[PDB]
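Undergrad: Just passing along the structure, written as structure tokens.
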Amino acid sequence: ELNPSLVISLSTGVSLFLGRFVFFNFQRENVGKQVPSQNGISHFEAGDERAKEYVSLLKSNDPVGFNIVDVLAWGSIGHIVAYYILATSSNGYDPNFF
Amino acid sequence: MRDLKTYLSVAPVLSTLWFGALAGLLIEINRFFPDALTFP
Amino acid sequence: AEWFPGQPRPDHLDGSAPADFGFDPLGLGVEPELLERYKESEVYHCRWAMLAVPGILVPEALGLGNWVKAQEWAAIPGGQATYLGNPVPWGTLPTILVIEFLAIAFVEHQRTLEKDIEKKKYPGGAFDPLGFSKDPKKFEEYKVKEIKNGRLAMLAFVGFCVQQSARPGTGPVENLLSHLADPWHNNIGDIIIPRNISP
Amino acid sequence: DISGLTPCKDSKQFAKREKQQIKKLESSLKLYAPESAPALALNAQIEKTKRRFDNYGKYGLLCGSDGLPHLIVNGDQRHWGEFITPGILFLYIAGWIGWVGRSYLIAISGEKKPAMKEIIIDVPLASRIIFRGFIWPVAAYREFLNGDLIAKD
Amino acid sequence: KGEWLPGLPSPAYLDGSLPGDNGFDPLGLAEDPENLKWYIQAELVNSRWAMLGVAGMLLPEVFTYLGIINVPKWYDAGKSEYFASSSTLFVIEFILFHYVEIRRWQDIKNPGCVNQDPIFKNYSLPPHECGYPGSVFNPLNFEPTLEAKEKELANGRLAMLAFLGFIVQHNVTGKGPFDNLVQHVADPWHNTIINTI
Ligand code: CLA
Ligand code: CLA
Ligand SMILES: CC(/C=C/C=C(C)/C=C/[C@@]12O[C@]1(C)C[C@@H](O)CC2(C)C)=C\C=C\C=C(C)\C=C\C=C(C)\C=C\[C@@]12O[C@]1(C)C[C@@H](O)CC2(C)C
Ligand SMILES: CC1=C(/C=C/C(C)=C/C=C/C(C)=C/C=C/C=C(C)/C=C/C=C(C)/C=C/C2=C(C)CCCC2(C)C)C(C)(C)CCC1
Ligand SMILES: CCCCCCCS[C@@H]1O[C@H](CO)[C@@H](O)[C@H](O)[C@H]1O
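Chains as they are written, first to last, in the entry's author numbering: chain G, 48 to 145; chain J, 1 to 40; chain 1, 47 to 245; chain F, 68 to 220; chain 4, 49 to 245.
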């Protein structure tokens, strides 16, 4: 009886809002301090040409720098939450505690 | 006399005397209090 | 003063801080930064515990239920809430969970953009509309009173939890009335000594 | 009772074991004169078996589905006589021995050649030390507080 | 300073200055001074408690045998009915002793910490010796001479031995101390420890 489209859209919207306005600063200040490296230098600097970061992909015109990767991550979280709600509401599970 | 007392204080002689006394004590305890599985 | 008369006080606790009675046997606050974090954590904990005690006591005193019973309308598929004997139209678990998560996540955030160390514990401004904090001496003594009342509220919360665990299906006010009925027989004794005469 | 075991005073397998032991002992009795010394010795064994089984019944032991006593170790207050009290007595005797050994090793450490008192034991010194283990818990505790128990290297 | 065993020399650390010194330490428990300072306090408090305990077990049984009063035996007074139930009494005892014994311990650790009371800061315990507070604890102002301390320690040691005797006698006979004494004195030569074994 729960509309799948409404639940999925609302969960994705809420997750994107949280990622853009609430948890943005923490995530950015944490990724700033965690860059993978081997023997004191990054993987690309070591010689791994397949480990180069995509500068042309992560850039965006958002005022705070929200990009497509953030959209994918927060949308995946929202979809997971939405489908958890739909799958947990359809079943008739009753934990008989009381 | 002194030398014999020194010899009787050597490790093997003292060991056999001590373990003989212990064995006798345990044997007599088991003779008078046999088949003990618990402590009442 | 001192928490343990006749005991030297630790070097990292000199009594300048509000409610500083030199209590740190395990040495958790030796590092200054950890001590500063612990101070704000303690004040934040004290305020929540102080808010909790009236909210645990008054509803049961009014006969509205019990601080443990009031949470069991959930765990029931059709469960709906109740406020002062009045059903809450939106009082269903999936809605209240989402609202609580969003509101508390938003308010706990932007509590964290405050970087001034003194104002992480005592922000003031919109949180001090009446201006009790303008006078410094009064501000310091009110800080001492806040911490001291908060510690008592914290102890009362553990009292509530352990009383609930020890005597299931009972509430703090019910426990107080039962003790006041027969104080010399309704005590902690029959619980630490659980009705087991060893002889 | 505990773990599905029944007390040995109730279990029929225990009584059946007792009956079969006496029957096995009584078969060899047939090969001797009723007044002979071997007949007197097997009768003493029969009485010993009867006393053993009666004691196992009286002490309140639990028996399995095989008729044999089973020990309860978890800490039950009605089964302390099987592990707890004997264990305390063992821990008192072993600590006594260890403490008397430690004191003797300490007493001979500061000598010219202390390896000669380890193969030829100074018996009077040992006699002095031996009876200090009767209060070994108190001394062992007290050198823990002061710091004379553990070498801090 | 007497000799507990005439001929045996006294240990070096037992100087004859402490009250009740008879050179009795065959097992070398008090060789370390830090241990001796603790054992003095332990002996004092144990003797003081054993004194009261022995009086409490003995005297009401003597007065019960004479008919003046009728109270249960010391080993039977536990399961009697009182106004407060055993568990409540134990909890009250635990709280009160947890206070007073920590107050006493603070004095053992350093002599002069807990002389002043918290509630009425006007008052304070005058400087004294460890184990001998006095002032309030000595309301009648009896002088703490060496003779008095020696008498206290002797009577306390006798009381501890009496307590141990009471416990073993009840464990091996099942009756009270004074009735054991009466049974022994009634016919001394057939009522001894041998006849109970
Ligand atoms: C003074 C005697 C004494 C003392 C206090 C200790 C103490 C210790 N030994 Mg040890 N040990 C001893 C003698 C002693 N041992 C002897 C003689 C041997 C050679 C057989 C060993 C071989 C040994 C090994 C292989 C291990 C220990 C370990 C240990 C430690 C753990 C307890 C243990 O496993 O015990 C077990 C003890 C034994 C198996 C040996 C006991 C031998 C007898 C009972 C001692 C007799 C002493 C002496 C003859 C009596 C003095 C008389 C004097 C008054 C005249 C503990 C610190 C363990 C360890 O380091 O882990 C922490 C370990 O792995 N010991
Ligand atoms: C404090 C001193 C003291 C006194 C006066 C008594 C007196 C008595 N005890 Mg006794 N007893 C005591 C301590 C004492 N006991 C101790 C510490 C223990 C534990 C080992 C025992 C264990 C014990 C048992 C198991 C039995 C007695 C029994 C008896 C009674 C008759 C048999 C007898 O005395 O021989 C036995 C006496 C002893 C084994 C005591 C020896 C140990 C003490 C410390 C001797 C110290 C002597 C002391 C200096 C004398 C002080 C005298 C003074 C009061 C004037 C008698 C009334 C028997 C009884 O009740 O039957 C009627 C009995 O069966 N006692
Ligand atoms: C405190 C004490 C007893 C206190 C008793 C109390 C409160 C009794 C209370 C009750 O009765 C009443 C009031 C009323 C009842 O209804 C209830 C109970 C509860 C039953 C006994 C101490 C008892 C203490 C004792 C017996 C200590 C003995 C120690 C000895 C002998 C040590 C000797 C040595 O240590 C030295 C001296 C030198 C070393 O070198 C050699 C050795 C030998 C090791
Ligand atoms: C531009 C712009 C804008 C807009 C934006 C938007 C609108 C965005 C969107 C976005 C989005 C819309 C996103 C989405 C995302 C999603 C995702 C990313 C998903 C994912 C999914 C998943 C991951 C799934 C999984 C799964 C599966 C597969 C199976 C089933 C189960 C599960 C669920 C597990 C605005 C106006 C603001 C402003 C500015 C301009
Ligand atoms: C029972 C305790 C006393 C037992 C004394 C037995 C002899 S004591 C014996 O004496 C020898 C010198 O004669 C020493 O060399 C030796 O170390 C010593 O143990």
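All residues carry an ideal CB built from backbone N, CA and C; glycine is no exception.
1) Answer with buried or exposed for residue 62 (chain F), where buried requires no fewer than 16 other C-beta atoms within 10 angstroms of its C-beta.
2) Any beta-carbon of chain F closer than 8 Å to the one on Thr16 (chain J)?
3) Relative to the alpha-carbon of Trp97 (chain 4), which residue among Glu200 (chain 4), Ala125 (chain 4), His176 (chain 4), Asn228 (chain 4) has its alpha-carbon at the smallest distance?
4) So the candidates are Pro54 (chain 4), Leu92 (chain 4), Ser135 (chain 4), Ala132 (chain 4); which of them puts its Cα closest to the Cα of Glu177 (chain 4)?
5) Answer yes if the segment 77-97 of chain F comes into contact with the segment 105-122 of chain F, meaning at least three C-beta pairs across the two stretches below 8 Å, and no otherwise.
6) With DSSP collapsed to three states, give me the class of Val10 (chain J).
7) Once DSSP output is grouped into helix, strand and coil, what is the label at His225 (chain 1)?
8) Can you list the residues of chain F that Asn83 (chain 4) reaches, using a CB-CB cut of under 8 Å?
9) As an exercise, report each continuous alpha helix (DSSP H) stretch of at least 4 residues that is fully enclosed by the segment 108-162 of chain 1, in chain order.
10) With distances taken between CB atoms, is the gap from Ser95 (chain 4) to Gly204 (chain 4) smaller than 8 Å?
11) In whole angstroms, what is the alpha-carbon distance linking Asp236 (chain 1) and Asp143 (chain F)?
12) Give the straight-line distance between the Cα atoms of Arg169 (chain F) and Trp52 (chain 4), rounded to the nearest whole angstrom.
13) Please list, in chain order, the chain 1 residues whose beta carbon lies closer than 8 Å to that of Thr136 (chain 4).
14) What is the DSSP secondary structure of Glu198 (chain 4), reduced to helix, strand or coil?
15) Counting only runs of 3+ residues fully inside the segment 51-83 of chain 1, write out the beta strand (DSSP E) ranges in chain order.
16) Between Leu56 (chain 4), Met99 (chain 4), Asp63 (chain 4), which lies nearest to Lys49 (chain 4) when the distance is taken from Cα to Cα?
17) Out of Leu72 (chain F), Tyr208 (chain F), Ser194 (chain F), state which residue places its alpha-carbon closest to the alpha-carbon of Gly127 (chain F).
18) Whole-angstrom Cβ separation of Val116 (chain G) and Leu105 (chain G), contact assumed at under 8 Å?
19) Ignore the nearest five residues each way along the sequence and tell me which others in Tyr84 (chain 1)'s own chain have a CB closer than 8 Å to its CB.
20) What does a CB cutoff of less than 6 Å around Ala65 (chain 1) pick up in its chain, not counting 5 residues either side in sequence?
21) Would you say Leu26 (chain J) faces chain F, with C-beta separation under 8 Å as the test?
22) With which residues is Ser89 (chain G) paired in a DSSP beta bridge?
23) Which residue comes first and which comes last in the alpha helix (DSSP H) that contains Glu76 (chain G)?
24) Between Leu138 (chain F) and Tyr159 (chain F), what straight-line distance do the alpha-carbon atoms span, to the nearest angstrom?
25) Check whether the Cβ of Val78 (chain G) lies closer than 8 Å to any Cβ atom in chain 1.
26) Nearest chain G C-beta to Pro100 (chain 1) closer than 8 Å, yes or no?
27) By a C-beta neighbour count over all protein chains shown, 10 Å radius and 16 as the cutoff for buried, is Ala206 (chain F) buried or exposed?
28) Grab me the residues of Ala212 (chain 1)'s own chain with a C-beta within less than 6 Å of its C-beta, minus the 5 sequence neighbours each way, in chain order.
29) I want to see whether chain 4 comes within less than 8 Å of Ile186 (chain F), judged by CB atoms only; does it?
30) Can you find at least 3 beta carbon pairs, one from the segment 148-158 of chain F and one from the segment 174-184 of chain F, that sit closer than 8 Å?
31) How would you label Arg209 (chain F), buried or exposed, when you count the other beta carbons within 10 angstroms and need 16 or more for buried?
32) State whether the segment 21-40 of chain J contacts the segment 142-159 of chain 4, with contact taken as three or more CB pairs (one from each stretch) at a distance under 8 Å.
33) Mind checking whether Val69 (chain G) and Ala129 (chain G) have CB atoms under 8 Å apart?
34) Quick check: the segment 202-220 of chain 4 against the segment 99-112 of chain 4, are there 3 or more CB pairs under 8 Å?
35) Taking any heavy atom of ligand 5 as the mark, which residues have a C-beta closer than 7 Å to it, listed down the chain?
TA: Reading it off the structure:
1) This structure does not reach residue 62 (chain F), given that chain F is present from 68 up to 220, and the question cannot be answered.
2) no
3) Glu200 (chain 4)
4) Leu92 (chain 4)
5) yes
6) strand
7) helix
8) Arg209, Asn213
9) 139-154
10) yes
11) 20 Å
12) 28 Å
13) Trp230, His231, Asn233, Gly235
14) helix
15) none
16) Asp63 (chain 4)
17) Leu72 (chain F)
18) 6 Å
19) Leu74, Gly75
20) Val190, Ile193, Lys194
21) no
22) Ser84 (chain G)
23) 71-78
24) 22 Å
25) no
26) no
27) buried
28) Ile237
29) no
30) no
31) buried
32) no
33) no
34) yes
35) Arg2 (chain J), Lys5 (chain J), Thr6 (chain J), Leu8 (chain J), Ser9 (chain J), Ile187 (chain F), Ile188 (chain F), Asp189 (chain F), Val190 (chain F), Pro191 (chain F), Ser194 (chain F)
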